[PDB]
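Taking it in order: structure first as structure tokens, then the write-up.
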Amino acid sequence: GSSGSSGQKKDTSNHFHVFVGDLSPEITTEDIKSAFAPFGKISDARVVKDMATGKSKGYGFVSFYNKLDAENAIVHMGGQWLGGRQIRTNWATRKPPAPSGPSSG
């Protein structure tokens, strides 16, 4: 999975990016957008598909206007049976660990 340039549509206003794996092949960008709507307003959602076969690689991204709304899906959708097979959910966003303040001598 190679990376590229940020080709987004609209600059998310401090939204939360939610990762979704195990995305059945029958799934569709439109499906996810409507399958996660029940949680909250969707700003950016897409299902990474192969350029050769054209089938849901098995992972996508779903941003949310707020956090709470996102959490709802991450838990609800997490494993939920959307399309054919089950699906996964995680906080694509990564944060650096906080330092410490030891002392001895």
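Quick note on naming: the chains in the structure tokens go A, B, ... in the order shown, residues restart at 1 in each chain, and ligands are numbered from 1 in order of appearance.
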Practice task
Find the residues around residue 64 in chain A up to 10 Å (only C-alpha atoms counted), leave out those fewer than 6 positions away in its own chain, and share them as number ranges by chain.
Solution key: A: 12-18, 36-37, 39-45, 70-71, 73
C-alpha atoms of the current selection, written as a tab-separated table (two decimals), in the first residue's frame:
chain	number	residue	atom	x	y	z
A	12	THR	CA	-11.86	18.77	7.04
A	13	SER	CA	-12.60	21.25	9.82
A	14	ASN	CA	-10.68	19.42	12.55
A	15	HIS	CA	-12.66	16.24	11.88
A	16	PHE	CA	-11.84	12.76	13.18
A	17	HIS	CA	-10.59	10.14	10.71
A	18	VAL	CA	-11.93	6.65	11.37
A	36	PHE	CA	-22.30	5.19	9.02
A	37	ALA	CA	-24.77	8.06	8.68
A	39	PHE	CA	-23.93	7.71	13.71
A	40	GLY	CA	-23.35	11.25	12.49
A	41	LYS	CA	-22.84	13.63	9.57
A	42	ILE	CA	-20.23	12.41	7.09
A	43	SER	CA	-17.73	14.82	5.54
A	44	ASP	CA	-15.28	12.46	3.85
A	45	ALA	CA	-15.74	8.75	3.10
A	70	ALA	CA	-17.34	8.64	15.40
A	71	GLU	CA	-16.95	6.62	18.59
A	73	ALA	CA	-19.58	3.79	14.77
Practice task
Just the residues within 8 Å of residue 56 in chain A, please, counting only C-alpha atoms, with nothing from its chain fewer than 5 positions along; format it as a ChimeraX atom specification.
Solution key: /A:23-28,47-50
Let's have the selection written as a PDB file, in the first residue's frame, with C-alpha atoms.
ATOM      1  CA  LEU A  23     -14.560  -4.105   3.948  1.00  0.00           C
ATOM      2  CA  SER A  24     -16.470  -6.754   2.000  1.00  0.00           C
ATOM      3  CA  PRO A  25     -16.045  -6.614  -1.801  1.00  0.00           C
ATOM      4  CA  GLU A  26     -19.759  -5.934  -2.264  1.00  0.00           C
ATOM      5  CA  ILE A  27     -19.320  -2.766  -0.205  1.00  0.00           C
ATOM      6  CA  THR A  28     -19.473   0.633  -1.899  1.00  0.00           C
ATOM      7  CA  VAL A  47     -13.486   2.711   0.012  1.00  0.00           C
ATOM      8  CA  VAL A  48      -9.965   2.025  -1.252  1.00  0.00           C
ATOM      9  CA  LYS A  49     -10.434  -0.314  -4.214  1.00  0.00           C
ATOM     10  CA  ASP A  50      -7.947  -2.077  -6.489  1.00  0.00           C
TER      11      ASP A  50
END
Handout entry: All residues 6 Å or closer to residue 19 in chain A, only C-alpha atoms, same chain fewer than 3 positions away omitted, as an MDAnalysis selection string
Key = chainID A and resid 61 89:92
How would the residues just picked look written out with N, CA, C and O atoms as a PDB file, in the first residue's frame?
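Contents of again_12.pdb, as written:
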ATOM      1  N   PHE A  61     -11.780   4.704   4.662  1.00  0.00           N
ATOM      2  CA  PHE A  61     -11.705   5.796   5.626  1.00  0.00           C
ATOM      3  C   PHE A  61     -13.052   6.502   5.754  1.00  0.00           C
ATOM      4  O   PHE A  61     -13.761   6.696   4.767  1.00  0.00           O
ATOM      5  N   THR A  89     -12.925  -1.480  12.761  1.00  0.00           N
ATOM      6  CA  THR A  89     -12.871  -0.041  12.986  1.00  0.00           C
ATOM      7  C   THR A  89     -11.764   0.320  13.970  1.00  0.00           C
ATOM      8  O   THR A  89     -11.532  -0.393  14.947  1.00  0.00           O
ATOM      9  N   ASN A  90     -11.082   1.430  13.707  1.00  0.00           N
ATOM     10  CA  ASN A  90     -10.000   1.885  14.572  1.00  0.00           C
ATOM     11  C   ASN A  90      -9.722   3.371  14.360  1.00  0.00           C
ATOM     12  O   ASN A  90     -10.168   3.961  13.378  1.00  0.00           O
ATOM     13  N   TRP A  91      -8.983   3.967  15.288  1.00  0.00           N
ATOM     14  CA  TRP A  91      -8.646   5.383  15.204  1.00  0.00           C
ATOM     15  C   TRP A  91      -7.424   5.599  14.318  1.00  0.00           C
ATOM     16  O   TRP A  91      -6.299   5.694  14.808  1.00  0.00           O
ATOM     17  N   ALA A  92      -7.651   5.675  13.011  1.00  0.00           N
ATOM     18  CA  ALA A  92      -6.568   5.882  12.058  1.00  0.00           C
ATOM     19  C   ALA A  92      -5.566   6.907  12.579  1.00  0.00           C
ATOM     20  O   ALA A  92      -4.357   6.757  12.396  1.00  0.00           O
TER      21      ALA A  92
END
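When DSSP reads the backbone of this structure, the residues of range 22-58 of chain A it assigns to helix (DSSP H, G or I) are residues 29, 30, 31, 32, 33, 34 and 35 of chain A.
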Problem - Distance of CA of residue 10 in chain A from CA of residue 63 in chain A, expressed in Å to one decimal place - result: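 Between CA of residue 63 in chain A and CA of residue 10 in chain A the gap is 11.6 Å.
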Exercise for the section: Give the strand (DSSP E or B) residues of chain A, as DSSP finds them on the backbone, and put them as a PyMOL selection string. Expected result: chain A and resi 16-21+42-49+56-64+90
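Going from CA of residue 21 in chain A to CA of residue 77 in chain A covers 10.7 Å.
Using only C-alpha atoms for every distance, the candidate list A:95, A:67, A:9, A:76 yields A:76 as the residue closest to residue 38 in chain A.
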